[PDB]
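Here's the structure we're looking at; comments come further down.
All chains are named by letter (A, B, ...) in the order of the sequence lines, taking the proteins before the strands, and each is independently numbered beginning at 1. Basis for what follows: all heavy atoms, side chains included, without hydrogens, waters or symmetry-related copies. Counting starts at 1 for both ligands and their atoms, in listed order.
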Amino acid sequence: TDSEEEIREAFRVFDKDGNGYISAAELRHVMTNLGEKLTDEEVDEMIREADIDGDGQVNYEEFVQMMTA
Amino acid sequence: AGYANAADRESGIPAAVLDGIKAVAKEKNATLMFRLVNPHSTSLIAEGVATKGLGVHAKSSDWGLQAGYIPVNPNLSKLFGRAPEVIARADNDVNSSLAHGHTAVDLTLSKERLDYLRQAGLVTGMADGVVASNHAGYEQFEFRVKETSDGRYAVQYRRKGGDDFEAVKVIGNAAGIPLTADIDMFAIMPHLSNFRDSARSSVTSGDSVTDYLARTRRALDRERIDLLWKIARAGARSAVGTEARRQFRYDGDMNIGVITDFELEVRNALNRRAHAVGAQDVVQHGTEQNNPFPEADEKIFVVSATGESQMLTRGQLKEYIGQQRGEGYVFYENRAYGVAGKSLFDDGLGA
Ligand SMILES: Nc1ncnc2c1ncn2CCOCP(=O)(O)OP(=O)(O)OP(=O)(O)O
Ligand SMILES: [Ca+2]
Ligand SMILES: [Ca+2]
Ligand SMILES: [Mg+2]
Ligand SMILES: [Mg+2]
Ligand SMILES: [Mg+2]
């Protein structure tokens, strides 16, 4: 149960580029860096899994959600 | 190689020490940013003078033969003709330091430093050892020095037409090694790959996701995707040292400030190189991104993970950080930068 300022610092790790959203490409980079080589399809699966609103990307509120466990 | 450009030379960091900094930054694949080191400290640091921790609030001196050191007599420090009410605020600072491991010590300079001082214009010749200076601090105090069959000179002084001389006292290590300023890191931008093992020891066991699943599960995979997000969460959480920044860390009996695990590694790796080159610990605490009293100097010395050095204005610093993040280097900012309208981030910045 991190605090809101705690979860935003972590969020910024994923959100490499400017904008406050995590794209599939930024997620593929994080995963490769953290030891997991994944396909475009696996990456799409992870983004879908977290993409509540269905816009193709993970925003801040959606991040806050599942980073529960 | 030593200094490779102007930046390095304006950094105030001794060359040998800087060589280690560039090597560490490459070994740990991390960009290291530092606040400028006062040039009067650069030479003390290299001949091995000790560096001060946060347990020392007394103020340094910028004049006389004592420049670069921290005087017990605040009238000898940068606070010369202040208010009597500040020599007091200053008097206490010093006292809080001697009650706690920090010692009182007779200032003695090396020959070389005596050169540096004279060549710097801080000390204007002397009698054959009776210094002169145009610092207002000389219109009230009288100075002189007496060498020793040790090659070092003992600094001594007295109050204007007010009679015996006496060795100037400076705050030293618990070990009595005198202290000069330390090298304040502005921040550390670790490349994200430095946290793979950290995320694995937290989520899997140390194992890759593929290995972990084969091992604990049995012959679209909801499980596998969840576990992938789990190491992603754990990776950033380690990278940003969320948990570690909740407490203070201590080095023996020295409060090290708030510092992440990786930042502690860097610190240790840096001080190791400093020792190998004749210096003592040069980084004594955490990064400015965790300093509650955020200071706003406007030039920052930067050493990239590739070894390249440069100076940066706050503005070139934003774009630099942005460029660096694009390459996978993680960065988090001092928590109080936003509320003052000085955040280096151009994102929503919120929830
Ligand atoms: N991570 C940290 N945690 C706590 N305090 C910190 C941290 N980083 C810096 N500080 C506090 C002061 O910064 C360093 P220090 O090396 O004392 O400065 P200084 O520039 O010599 O101060 P002075 O000019 O007021 O004497
Ligand atoms: Ca983004
Ligand atoms: Ca979305
Ligand atoms: Mg300080
Ligand atoms: Mg310091
Ligand atoms: Mg330091």
Side-chain angles (χ1 to χ4, degrees), chain A residues 11 14-15 17 19-27 43-67, chain B residues 11-13 17 21 32-38 40-42 44-45 49-62 68-70 77-79 89-90 93-94 96-97 102 171 173 178-188 229 248-251 254-259 263-264 266-268 270-271 274 279-297 300-301 334 336 347-348 351:
Chain A
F11 179 78
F14 289 73
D15 183 21
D17 115 329
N19 63 53
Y21 302 116
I22 308 182
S23 67
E26 298 179 324
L27 220 201
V43 192
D44 186 50
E45 267 164 45
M46 300 188 271
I47 271 87
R48 177 176 295 110
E49 212 269 87
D51 190 16
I52 309 192
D53 64 39
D55 62 1
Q57 52 189 42
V58 173
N59 71 192
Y60 192 65
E61 71 166 63
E62 293 168 332
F63 191 72
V64 175
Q65 314 283 293
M66 79 112 249
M67 280 248 129
Chain B
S11 82
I13 292 174
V17 165
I21 285 178
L32 316 181
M33 296 167 185
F34 308 66
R35 289 185 91 225
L36 300 194
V37 178
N38 196 295
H40 307 317
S41 281
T42 319
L44 305 173
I45 283 179
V49 169
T51 266
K52 64 139 164 296
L54 315 175
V56 180
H57 285 67
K59 293 213 150 307
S60 59
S61 191
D62 59 353
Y69 295 97
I70 306 163
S77 71
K78 38 187 300 170
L79 280 181
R89 284 291 74 160
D93 280 47
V94 183
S96 120
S97 181
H102 300 321
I171 296 163
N173 273 355
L179 292 150
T180 195
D182 58 295
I183 303 176
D184 288 346
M185 298 203 55
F186 175 76
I188 299 198
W229 273 101
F248 286 106
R249 283 299 294 274
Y250 270 79
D251 184 335
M254 185 178 312
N255 185 310
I256 278 306
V258 171
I259 188 167
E263 292 159 0
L264 177 61
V266 168
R267 161 168 183 267
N268 286 341
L270 296 179
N271 291 337
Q280 283 195 39
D281 288 352
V282 290
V283 177
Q284 297 287 200
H285 56 246
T287 280
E288 172 77 358
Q289 297 330 101
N290 290 298
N291 183 144
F293 320 99
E295 286 197 43
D297 45 54
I300 283 165
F301 174 64
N334 185 295
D347 59 20

Angle, OD1 of B:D184 through the Mg ion (ligand 5) to OD2 of B:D182 - 10° precision =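 Vertex the Mg ion (ligand 5), arms to OD2 of B:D182 and OD1 of B:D184: 90°.
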Hey, does B:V283 have a side-chain heavy atom less than 4.5 Å from the side chain of B:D182?
->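 No, their side chains stay 4.5 Å or more apart.
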Side chain to side chain contact (heavy atoms under 4.5 Å, CB included), paired with A:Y21, selected from A:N59, A:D15, A:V58 =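 Testing A:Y21 for a side chain to side chain contact (heavy atoms under 4.5 Å, CB included) against A:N59, A:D15, A:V58 leaves exactly one candidate, A:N59.
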Minimum-distance atom from the Ca ion (ligand 3) among N, O or S atoms of A:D55 |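 Answer by atom name: OD1.
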Which N/O/S atom belongs to A:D53 and is the closest one to the Ca ion (ligand 3)?
->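 Closest to the Ca ion (ligand 3) among those atoms: OD1.
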Round to 10° and report the angle made at the Ca ion (ligand 3) by OD1 of A:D51 and OE2 of A:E62.
->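 Roughly 80°, rounded to 10°.
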Give a yes/no answer: is there an N/O/S atom of A:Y21 under 3.0 Å from the Ca ion (ligand 3)?
->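 For A:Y21, the answer is no, given that no N, O or S atom comes within less than 3.0 Å of the Ca ion (ligand 3).
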Can you measure from CD (B:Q284) to CE (B:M254) and round to the nearest 0.5 angstrom?
-> 4.5 Å
Atom OG1 in B:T287, atom CD in B:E263: separation rounded to 0.5 Å?
->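 Rounded to the nearest 0.5 Å, the OG1-CD separation comes to 4.5 Å.
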How are the rings of B:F301 and B:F34 set to each other: parallel, tilted or perpendicular (split at 30° and 60°)?
->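 If you compare the ring of B:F301 with that of B:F34, the planes turn out tilted.
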